[PDB]
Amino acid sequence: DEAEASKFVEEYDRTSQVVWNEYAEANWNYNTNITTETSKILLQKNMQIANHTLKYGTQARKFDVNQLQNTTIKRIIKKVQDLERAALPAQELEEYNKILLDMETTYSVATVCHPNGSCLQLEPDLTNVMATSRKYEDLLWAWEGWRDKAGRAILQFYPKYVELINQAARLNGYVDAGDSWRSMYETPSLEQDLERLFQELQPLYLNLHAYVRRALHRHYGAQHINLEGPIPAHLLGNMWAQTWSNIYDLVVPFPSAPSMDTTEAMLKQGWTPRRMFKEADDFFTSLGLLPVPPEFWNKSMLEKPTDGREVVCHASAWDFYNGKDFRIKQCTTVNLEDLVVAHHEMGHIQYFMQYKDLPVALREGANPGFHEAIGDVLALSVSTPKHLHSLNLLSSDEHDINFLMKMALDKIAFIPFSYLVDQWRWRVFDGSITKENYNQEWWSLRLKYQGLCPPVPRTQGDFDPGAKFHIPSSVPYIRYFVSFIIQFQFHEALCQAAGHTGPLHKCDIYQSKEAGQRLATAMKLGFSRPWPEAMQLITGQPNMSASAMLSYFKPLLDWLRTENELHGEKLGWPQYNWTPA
């Protein structure tokens, strides 16, 4: 019955608005104030939202989606039929919610300390060490210590987590949790599509890897780097070696063309977290996109509290599902990296605001990759030497290659990392990888895809995946692989709309109302239409394509090949068994 479905969807929207708003507040209150009391209230709202989800989900399952005519109502009901964790029996649901809570809390409060009594937190202490230290042993201390404290402490929870998340998936008609995660893209060919995109970026990644390995050989010494082996995983300027631009100073192609310390510039010229977010807000409005409401500035947590409060620092953007209240929670440091993060997060907020009038069920991205892409698209233009000079943070093909290198260190290096995380989890979820295999299989993928090796042997009770936020927090990762591919497609299209000609990497979309309106129309759709429609609205074609990314980096690919050939570099890691002596 079409009229009953329409009526059901209306009731679901009305009641969802209230319940999700209440859940979000409790969730926020815990994330920004980890206490016994805030934990108790959150687990109570977990029970409330589960009750709501089970009630309406059960009702939604009585409708045959295929026998419905209206596609908007069709999409909503299909979504509501998946109860997710609320499909679990009472006892399993309570256990699962507690496991999630304990895993996230464990990760967010973990510290690494020295013999004396000095303790370092991930943000900003360990992050800074990985970024700035050029001493092998100091990097090793932080890399290993973080894994000892955070990773090992997640291991006790993970097998039960996997059991319960799989159980829930099966109760909602999937074979395992990985199957359910993949299905959210509504794309039968997803795995092959992603494999092909990965393969296309291989020449670029292998050449970048070889060039960086040579540079590391130069700084860290011949005795510590195998020129035909994988790179030690603690040397790339980042805790997870997922993005490499923090070691730009070690790899700069033309050091005769120097850039200034952007951290020093931001600090000295009076940049603050609030000013960093205002700047992102100002970039969005320059495109004719929406400003964040006054409420955002009053309610957001834009820096780590000095209250004594314990918090979840990992950046995130919060929709409170009332079309008015949107917030960012971020332990912002004054530097260029976190300015990029601020833009990324403000992209989520823009998306929230664009689709705020849609029913709650459709208040998400065309796919999760789209939601991650938005902020990054703008950040690509933010990062251009042109835009950074206009901000006074900085003051010829040599400069072009230098810039493309800095960009590649993040955008290219991240491709194999973002690919492997869920390759690992899909195989854990489907039973291919079990607890006695967790860490070994992780490192097999780290080697296979990124060409990295652990700097110290991994031992009994190590759980290195646990030391990466998205693992204990159960945040799917393939969204980020998709984002990095599609953000270049969006950049290309917006630049074309802005009238840009010549090398794609020289494009800066600042001030382009045409670029802004292209994104706005797609964002307003939310989850109302299959994602290829939104892809076509932005780009003029319906596919994910690595073409735009390859086009952006083409001059660097040419430069890297010539440079690597001159040094007779072996692309890849033949000596794949090599580890530090």
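Residues carry their position along the shown sequence, with the first being 1.
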> Which class fits the unmodelled deposited stretch between residue 395 and residue 396: none, 1 to 3, 4 to 9, or 10 or more?
Replying inline: 4 to 9
>> Comparing average C-alpha B factors as deposited, tell me which of 75 to 83 and 212 to 220 sits higher.
In response: 75 to 83
> So which stretch wins on mean C-alpha B-factor, 490 to 498 or 201 to 209?
Replying inline: 490 to 498
> Highest CA temperature factor in the entry: which of 539, 551, 545, 33?
Replying inline: 33
>> Just to confirm, going by the entry's C-alpha B-factors, which of 327, 304, 134, 147 comes out highest?
In response: 304
> Compared with the other modelled residues in the chain, in which third is the CA B-factor of residue 452?
Replying inline: lowest
> Mind checking which third residue 151 falls in for C-alpha B-factor across the chain?
Replying inline: middle
>> Lowest, middle or highest third: which one holds residue 399 when the chain's residues are ordered by CA B-factor from the entry?
In response: highest
>> Per the entry's values, where does residue 413 land by CA temperature factor relative to the rest of its chain, in the lowest, middle or highest third?
In response: lowest
>> Quick check for you: using the entry's CA B-factors within this chain, is residue 368 in the lowest, middle or highest third?
In response: lowest
